[PDB]
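What follows is a short report on a single structure.
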Ligand SMILES: [Ca+2]
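Chains as they are written, first to last, in the UniProt record's numbering: chain A, 24 to 246; chain B, 40 to 53.
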């Protein structure tokens, strides 16, 4: 996250870290056994780390659980990034309380101008690299689809939205992928891609979660 | 110049 602030420990209780001997992507807990992330984050051997604040120190709210199932959307396209969503089933259920909790799925899509909270342990620089120990947050609005398409001609599908700023300085970045975009208490976006990070006229692009609620529910029910 | 935000990033010619 570039241009954000320190969230505070366990203030974003649904945020998870995906680890393969190192943090590589984020995710969002949607029930005690299932996590939503981005399809471009798929790999074998994922360990999900719940209850984290400082990802480099064992502080006392961590639950480390191996993924038992890592399910990419069947129509994920790795060149256009369309349908960038993955569901991860935990090998055992997480224990839920105030510091580890699920986030609700949308009941309808969100609107342009609504403020959302984006979070993760990704790069905090728009030039160069610096990875944080503690979770970072950013408040950012949903942009109109016409602004998003003007920013990225020919690349915005109906399963994507832009959120953030056009003036530069505030955005998600490498290492934030898969993590949450929460608006009005609902998981509306998944951190997916962008041209660089926090660059003028190039806002972040996110997977539009409201289009996949029925697919999420069916995939969980059959697995 | 598009890149996904994973570590490491997946990036394209634009
Ligand atoms: Ca920790």
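Virtual Cβ for every residue (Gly too), placed ideally from N, Cα, C.
Euclidean distance between Cα positions of residue i and residue j
i, j, result
"residue 220 of chain A", "residue 92 of chain A", "31 Å"
"residue 84 of chain A", "residue 49 of chain A", "17 Å"
"residue 328 of chain A", "residue 232 of chain A", "With chain A covering 24 to 246 only, the question about residue 328 of chain A has no answer from this structure."
"residue 241 of chain A", "residue 116 of chain A", "19 Å"
"residue 194 of chain A", "residue 78 of chain A", "21 Å"
"residue 146 of chain A", "residue 190 of chain A", "19 Å"
"residue 205 of chain A", "residue 66 of chain A", "25 Å"
"residue 118 of chain A", "residue 55 of chain A", "7 Å"
"residue 30 of chain A", "residue 140 of chain A", "10 Å"
"residue 59 of chain A", "residue 53 of chain A", "7 Å"
"residue 94 of chain A", "residue 41 of chain B", "24 Å"
"residue 44 of chain A", "residue 176 of chain A", "37 Å"
"residue 96 of chain A", "residue 169 of chain A", "26 Å"
"residue 121 of chain A", "residue 171 of chain A", "36 Å"
"residue 46 of chain A", "residue 44 of chain B", "12 Å"
8 Å Cβ cutoff met for residue i and residue j
i, j, result
"residue 157 of chain A", "residue 107 of chain A", "no"
"residue 125 of chain A", "residue 229 of chain A", "no"
"residue 35 of chain A", "residue 142 of chain A", "yes"
"residue 165 of chain A", "residue 135 of chain A", "yes"
"residue 86 of chain A", "residue 48 of chain B", "no"
Residue i: CB within 7 Å of a non-hydrogen atom of ligand 2
i, result
"residue 77 of chain A", "For ligand 2, the structure offers nothing, since it holds only ligand 1."
Where residue i sits in the DSSP three-state scheme
i, result
"residue 211 of chain A", "strand"
"residue 144 of chain A", "coil"
"residue 106 of chain A", "coil"
"residue 200 of chain A", "coil"
"residue 30 of chain A", "coil"
"residue 232 of chain A", "helix"
"residue 86 of chain A", "strand"
"residue 53 of chain B", "coil"
"residue 186 of chain A", "strand"
"residue 64 of chain A", "helix"
"residue 173 of chain A", "helix"
"residue 180 of chain A", "coil"
"residue 70 of chain A", "strand"
"residue 126 of chain A", "coil"
Residue(s) in a DSSP beta bridge with residue i
i, result
"residue 38 of chain A", "A:51"
Tell me which residues of the region 63-87 of chain A have at least one Cβ-Cβ distance to chain D shorter than 7 Å, keeping chain order. No chain D appears in this structure, whose protein chains are A and B.
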